[PDB]
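**Q** Chains as they are written, first to last, in PDB author numbering: chain D, 12 to 24, 41 to 61; chain C, 210 to 261; chain B, 2 to 297; chain H, 2 to 35, 50 to 210.
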Amino acid sequence: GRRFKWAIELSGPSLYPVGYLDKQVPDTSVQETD
Amino acid sequence: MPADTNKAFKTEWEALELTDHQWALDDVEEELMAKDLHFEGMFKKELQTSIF
Amino acid sequence: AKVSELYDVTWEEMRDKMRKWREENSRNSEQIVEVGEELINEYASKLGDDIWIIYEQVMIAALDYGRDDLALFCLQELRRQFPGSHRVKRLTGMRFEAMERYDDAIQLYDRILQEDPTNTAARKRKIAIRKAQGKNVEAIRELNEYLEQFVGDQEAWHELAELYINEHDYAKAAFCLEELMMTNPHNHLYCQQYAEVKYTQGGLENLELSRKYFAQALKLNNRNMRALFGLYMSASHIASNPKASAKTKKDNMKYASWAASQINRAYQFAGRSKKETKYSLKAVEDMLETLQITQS
Amino acid sequence: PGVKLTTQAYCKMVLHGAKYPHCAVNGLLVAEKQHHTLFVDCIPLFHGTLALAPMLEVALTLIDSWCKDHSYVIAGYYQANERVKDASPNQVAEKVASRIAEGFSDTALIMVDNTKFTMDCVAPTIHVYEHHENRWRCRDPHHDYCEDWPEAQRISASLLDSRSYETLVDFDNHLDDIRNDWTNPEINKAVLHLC
Numbered sequence: 012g013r014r015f016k017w018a019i020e021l022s023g024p041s042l043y044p045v046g047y048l049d050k051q052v053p054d055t056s057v058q059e060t061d
Numbered sequence: 210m211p212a213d214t215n216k217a218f219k220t221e222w223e224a225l226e227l228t229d230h231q232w233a234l235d236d237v238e239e240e241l242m243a244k245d246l247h248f249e250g251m252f253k254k255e256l257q258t259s260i261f
Numbered sequence: 002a003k004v005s006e007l008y009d010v011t012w013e014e015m016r017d018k019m020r021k022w023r024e025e026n027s028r029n030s031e032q033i034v035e036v037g038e039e040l041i042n043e044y045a046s047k048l049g050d051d052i053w054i055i056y057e058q059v060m061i062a063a064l065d066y067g068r069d070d071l072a073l074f075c076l077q078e079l080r081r082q083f084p085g086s087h088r089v090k091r092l093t094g095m096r097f098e099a100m101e102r103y104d105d106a107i108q109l110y111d112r113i114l115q116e117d118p119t120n121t122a123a124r125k126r127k128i129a130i131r132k133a134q135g136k137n138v139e140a141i142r143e144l145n146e147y148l149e150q151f152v153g154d155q156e157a158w159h160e161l162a163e164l165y166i167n168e169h170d171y172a173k174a175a176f177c178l179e180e181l182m183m184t185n186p187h188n189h190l191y192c193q194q195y196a197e198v199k200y201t202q203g204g205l206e207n208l209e210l211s212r213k214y215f216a217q218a219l220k221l222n223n224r225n226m227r228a229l230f231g232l233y234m235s236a237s238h239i240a241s242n243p244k245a246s247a248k249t250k251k252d253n254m255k256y257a258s259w260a261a262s263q264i265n266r267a268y269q270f271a272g273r274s275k276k277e278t279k280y281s282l283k284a285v286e287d288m289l290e291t292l293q294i295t296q297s
Numbered sequence: 002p003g004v005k006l007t008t009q010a011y012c013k014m015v016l017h018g019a020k021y022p023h024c025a026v027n028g029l030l031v032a033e034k035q050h051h052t053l054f055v056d057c058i059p060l061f062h063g064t065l066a067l068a069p070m071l072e073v074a075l076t077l078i079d080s081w082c083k084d085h086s087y088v089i090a091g092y093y094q095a096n097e098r099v100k101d102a103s104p105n106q107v108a109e110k111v112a113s114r115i116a117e118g119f120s121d122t123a124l125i126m127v128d129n130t131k132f133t134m135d136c137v138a139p140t141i142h143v144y145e146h147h148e149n150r151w152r153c154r155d156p157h158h159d160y161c162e163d164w165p166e167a168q169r170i171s172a173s174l175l176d177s178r179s180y181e182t183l184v185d186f187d188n189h190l191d192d193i194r195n196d197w198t199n200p201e202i203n204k205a206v207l208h209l210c
């Protein structure tokens, strides 16, 4: 917005990383109490 | 000392399934209402040292 | 000042200062070689165990600064006592890379790997040779390969994050910084860098995440002004965006106004130091007044 | 349109580049707003990673607050690459150039070379890029941007020979330590005295 005036906008253009995952896969719910 | 690699793998697999998640970051309001005097603290004692 | 400095020191203090420099792993090759060769000609009596690390450090600095003569002078002294030592081989390979003929250095690294299978330093130096020789993509692939084979080194994680910064890949750098912060939760520097990386990504939820991460590391050290500035602008940007709720925007304005007062006090406490600090206090005062008027 | 700069700003730029020879450096030139483009002086922005907008916003807003205090205007922004065999403008540089070109109608992209960067500089060793909102990317072949060349060599040689360039302060050092300023008073005193 023009309110901030100076505002730099930065854009971004085989799965080797183990952690960075393409599919988000939420919906984890574990309830185990023994 | 992984005496039995597979058994240790399974034990850690179940231990990581047991543990829950509690985001300790969600409590940020405690710092919200506070005072900032330590940054006044060594700022006084950061003058005394010059540049070699 | 050179003679004046050399006069009001002792060898003990100089050696302790060099040890502190090693501990802080700073980049002061000029001063390192200035105090390095001075104690090699003045004392040159005892502390062999220390002076071997000193020899390696001085040659490392000379490789950076301008002087290969002293580098080879220390190389012969290192080779005199330990005939077979892989560290000296790595150092010689680094100097060879610095001069010319990178292929023979690569061959030396290959032989070193053939002798000792577990040699992280040689693989890191090869990864650095292909960082500067070819593109950064292949270097990224090989760094990932070595990291996967080890998953032990934090320096590898930070180097991967730094190389991904130039490619404008904040998604992968986010995971890199998350992993590097998980091992060290008390280091607010990594938290600040992660907050900046998440802020650069964009998005209101990412803005809130970066704001909270800024405020967490703000109480661990309680002095870093980069994080407080980032938090203030995160709150201002949250206020700017129309997609927000009334009470959340309200508390964001309170956060920004509180950060503004902390800025004012921080700059007012520096005004008694010198006589030119009043003018800088004025400057930040107009900045904060303009931002306050624009926010209000 | 010619590009003219005072020896003070060039000495500041060279000196800031000398302060960190292993990482990329960043600077911002300032002109006077009231055809040739005259540059007054430059301020060093940051060093190191040099790919972050957050601190850039802080620094640029502070410079804007400064320019409305002594009636100044931000002229242009200059950047040097890390690798020696690199003389091509990065995307962040073009984005900042366009951001400054929205306001001012004359923003030159200054590139510090690395191949001709020694103690005894030959002379120009500066790449002037002329960028816009369109696809106009042209660099001037060779012109004269300094006022007096021999005097510039004498002062630059004296400044680089005598080790008195550790006092140069950046915006990052201002955040780390509020005490150091960022106008480089001692450098201004030295440039005036040497002349």
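Ideal Cβ placement from N, Cα and C applies to all residues, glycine included.
1) Please state whether DSSP places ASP56 of chain H in a helix, a strand or coil.
2) Is DSSP giving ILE89 of chain H helix, strand or coil here?
3) For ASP69 of chain B, decide whether its Cβ has a neighbour in chain H, counting only Cβ atoms nearer than 9 Å.
4) From the DSSP output, in three-state form, read off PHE132 of chain H for me.
5) Could you compute how far the alpha carbon of residue 1 of chain B sits from the alpha carbon of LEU232 of chain B?
6) Kindly indicate which residue of H:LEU77, H:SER86, H:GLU97 has the alpha-carbon position closest to the one of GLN35 of chain H.
7) Assign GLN150 of chain B to buried or exposed, taking buried as 16 or more other Cβ atoms, counted over all protein chains shown, within 10 Å of its Cβ.
8) Apart from the five residues just before and just after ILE239 of chain B, which ones in its own chain have a Cβ nearer than 8 Å to its Cβ?
9) At a CB distance below 9 Å, what residues from the stretch 253–272 of chain B approach chain F? Give them in sequence order.
10) Are the C-beta of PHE176 of chain B and some C-beta of chain D separated by less than 9 Å?
11) With 9 Å set as the bound, which would you pick, yes or no: does the beta-carbon of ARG227 of chain B sit closer than that to a beta-carbon of chain C?
12) Within 9 Å of any Cβ in chain B, is that where the Cβ of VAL52 of chain D sits?
13) Taking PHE230 of chain B and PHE252 of chain C to be in contact with their CB atoms under 8 Å, please state how far apart those CB atoms are, rounded to whole angstroms.
14) For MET100 of chain B and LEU48 of chain D, I'd like the C-alpha separation in whole angstroms.
15) Measuring only the C-alpha atoms, how far is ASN137 of chain B from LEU48 of chain B?
16) Have a look at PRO2 of chain H and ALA257 of chain B and give me their C-alpha separation to the nearest angstrom.
17) Any idea if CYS210 of chain H is buried or exposed, counting beta-carbon neighbours within 10 angstroms, 16 or more meaning buried?
18) Closer than 9 Å, CB to CB, is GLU163 of chain B near chain H or not?
19) Report buried or exposed for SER41 of chain D, applying the criterion of at least 16 other Cβ atoms within 10 angstroms of its Cβ.
20) For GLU72 of chain H, count neighbouring Cβ atoms within 10 angstroms of its own Cβ and tell me buried if that reaches 16, exposed if not.
21) Shortest alpha-carbon distance to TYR180 of chain H belongs to which of H:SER120, H:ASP159, H:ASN203?
22) Measuring alpha carbon to alpha carbon, tell me which of H:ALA108, H:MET126, H:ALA19, H:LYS110 ends up nearest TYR66 of chain B.
23) Whose C-alpha, out of B:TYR8, B:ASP9, B:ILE33, is nearest the C-alpha of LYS18 of chain B?
24) Identify, in the order they occur along the chain, each residue of the same chain with its Cβ nearer than 7 Å to the Cβ of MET182 of chain B, setting aside the five sequence neighbours on each side.
25) Which residues does DSSP list as the beta-bridge partners of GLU145 of chain H?
26) Short of 6 Å in beta carbon distance, which residues of its chain neighbour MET60 of chain B, apart from the five on each side in sequence? Order them along the chain.
27) If you count every other CB in all the chains shown that lies within 10 Å of the CB of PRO59 of chain H, and 16 or more means buried, which is it?
28) Taking the continuous alpha helix (DSSP H) assigned at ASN145 of chain B, which residues delimit it?
29) What does the alpha-carbon distance come out to for the pair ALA102 of chain H and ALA243 of chain C?
30) Measure how close the beta-carbons of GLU160 of chain B and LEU144 of chain B come, nearest whole angstrom, since I'm counting them as under 8 Å.
31) Are the beta-carbon atoms of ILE130 of chain B and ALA106 of chain B separated by less than 9 Å?
32) Hey, is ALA116 of chain H's beta-carbon within less than 9 Å of any beta-carbon in chain D?
33) When burial is assigned at 16 or more other CB atoms within 10 Å of the CB, is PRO200 of chain H buried or exposed?
34) Would DSSP call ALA95 of chain H helix, strand or coil?
35) For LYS204 of chain H, decide whether its Cβ has a neighbour in chain B, counting only Cβ atoms nearer than 9 Å.
**A** Here's the rundown:
1) In this structure, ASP56 of chain H counts as strand in the three-state DSSP scheme.
2) Collapsing the DSSP output to three states places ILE89 of chain H in a strand.
3) For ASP69 of chain B, not one C-beta of chain H is nearer than 9 Å to its own C-beta.
4) The three-state secondary structure of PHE132 of chain H, taken from DSSP, is coil.
5) Missing from the structure shown is residue 1 of chain B; chain B here goes from 2 to 297 and no further.
6) H:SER86
7) exposed
8) The beta carbon of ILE239 of chain B sits closer than 8 Å to those of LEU205, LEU208, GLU209, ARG212, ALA245, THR249, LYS250, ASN253, all from its chain and outside the five residues before and after it, given in chain order.
9) Protein chains D, C, B and H are contained in the structure displayed, whereas chain F is not.
10) yes
11) no
12) no
13) The Cβ separation is near 17 Å, so there is no contact.
14) Rounded to the nearest whole angstrom, the C-alpha separation of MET100 of chain B and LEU48 of chain D is 41 Å.
15) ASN137 of chain B and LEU48 of chain B have their C-alpha atoms some 42 Å from each other.
16) 44 Å
17) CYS210 of chain H comes out exposed.
18) yes
19) With fewer than 16 neighbouring CB atoms inside 10 Å of its own CB, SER41 of chain D falls in the exposed class.
20) Buried, by the Cβ-count rule.
21) H:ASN203
22) Per the Cα distances, H:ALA19.
23) B:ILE33
24) Here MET182 of chain B has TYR191, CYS192, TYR195 as same chain residues with Cβ atoms under 7 Å from its own Cβ, once five neighbours each way along the sequence are excluded.
25) H:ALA123, H:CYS153
26) When the five nearest sequence neighbours on each side are left out, the beta carbons in the same chain lying within less than 6 Å of the beta carbon of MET60 of chain B are those of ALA72, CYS75, in order along the chain.
27) Buried.
28) Looking at the DSSP string, the run of the alpha helix (DSSP H) that includes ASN145 of chain B is 137–151.
29) 50 Å
30) 7 Å
31) Cβ distance < 9 Å, so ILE130 of chain B and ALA106 of chain B count as in contact.
32) At a cut-off of 9 Å, the C-beta of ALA116 of chain H has no neighbouring C-beta in chain D.
33) exposed
34) strand
35) no
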